[PDB]
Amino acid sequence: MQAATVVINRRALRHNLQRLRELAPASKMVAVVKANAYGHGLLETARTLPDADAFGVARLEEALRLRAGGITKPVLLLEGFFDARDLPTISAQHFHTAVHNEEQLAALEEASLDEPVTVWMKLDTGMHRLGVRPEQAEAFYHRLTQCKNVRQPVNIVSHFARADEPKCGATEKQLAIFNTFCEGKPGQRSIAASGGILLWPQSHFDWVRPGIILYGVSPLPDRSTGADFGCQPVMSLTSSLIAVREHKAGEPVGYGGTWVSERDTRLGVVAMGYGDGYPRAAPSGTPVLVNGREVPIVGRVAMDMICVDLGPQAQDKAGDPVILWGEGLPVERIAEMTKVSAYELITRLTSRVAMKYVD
């Protein structure tokens, strides 16, 4: 039988990269593949997009894992390097890096490399997470153009904190700061991720960094799905029923007796739980497809199982196909119902989930 499985549509992945090129026609693409390509799988997602101009990762470990799998294209270390002793590898592996601190800068200044490295100075334009603040940036920037170990020109990168909230002036302010600092400087500019790409065409510049929407999922907090932008969903979280049992009115289900039935019915048990990555927070009523028909989750989600209400004469049987989200049921619909971010839903899955690739 088949249990917890993530089916990845390679065809939809391809379609989305091309669709994003159409929406951002004058910008190169940094396919962001951090966290195991967003739960889709880091090396397979890269191999599915040999057309990507570059790949973005959070950590050096992820980039090296790409190189190990035979990925040859430029990989961008979005958070830079955490140890100065890593520069020689970064240089030799032809990894491009962000530089946000003095550790990183002072290291590049005194390292001894056999080749210089391509760098993207991270500028803090409002997110206040990583990056050099405006009033320290000019001096920091100038030191990078003097590094014999940095390939010139120095590129400039930044990130939006609230691009999915078009009504507040957060984005327009970050853009204002970004634009002021880049005036008169050569080198590529990049500040847009999924939100900036879809809602802010002024922020496309030279390179855009699609992450979530690359997988056909909307980065927005409203009811929108990847299909709202012509992007197709890549992931399908699937499983199977391991039991179909009789149940009676007044009887509770699961831990804590969270749900009590008002009628005699039949309950289905799914080989899926939070030990696989399915949200334990999922409330009774959350939709799940059984034999391509939507049924509600009843009772608390356990570590390995989920119960659903099928109906008194429901003819579903142990072994039948279940879809937690995918074709027929967008992950955005599960996010709305469970109140869990689609970003976390597709990404916080465990190694217990099998991986399938189609097309």
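One-based numbering along the sequence shown.
Give the stretch, out of 74-82 and 131-139, with the larger mean C-alpha temperature factor in the deposited entry. Between 74-82 and 131-139, it is 131-139.
102-110 versus 228-236 - greater average Cα B-factor per the deposited record: Taking the mean C-alpha B-factor of 228-236 and of 102-110, the larger value falls to 102-110.
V117, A192, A176, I242, ranked by C-alpha B-factor: the highest one: Reading the PDB entry, the winner on C-alpha B-factor is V117.
Tell me, please, which of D124, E251, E246, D222 has the highest C-alpha B factor according to the deposited entry? Highest C-alpha B-factor among the listed residues goes to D222.
Going by the CA temperature factor in the PDB record, which third of the chain does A170 belong to: lowest, middle or highest? Answer is highest: the recorded C-alpha B-factor places it there.
Pull the Cα B-factor of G69 out of the PDB entry and bin it into the chain's lowest, middle or highest third. Within its chain, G69 is a middle-third residue by C-alpha B-factor, going by the deposited values.
Record-listed C-alpha B factor of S158: chain third: Its C-alpha B-factor belongs to the lowest third of this chain's values.
Is the Cα B-factor recorded for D164 in the lowest, middle or highest third of its chain? CA B-factor rank for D164: middle third.
When the modelled residues of the chain are sorted by Cα temperature factor, does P88 land in the lowest, middle or highest third? Middle third of the chain for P88's C-alpha B-factor.
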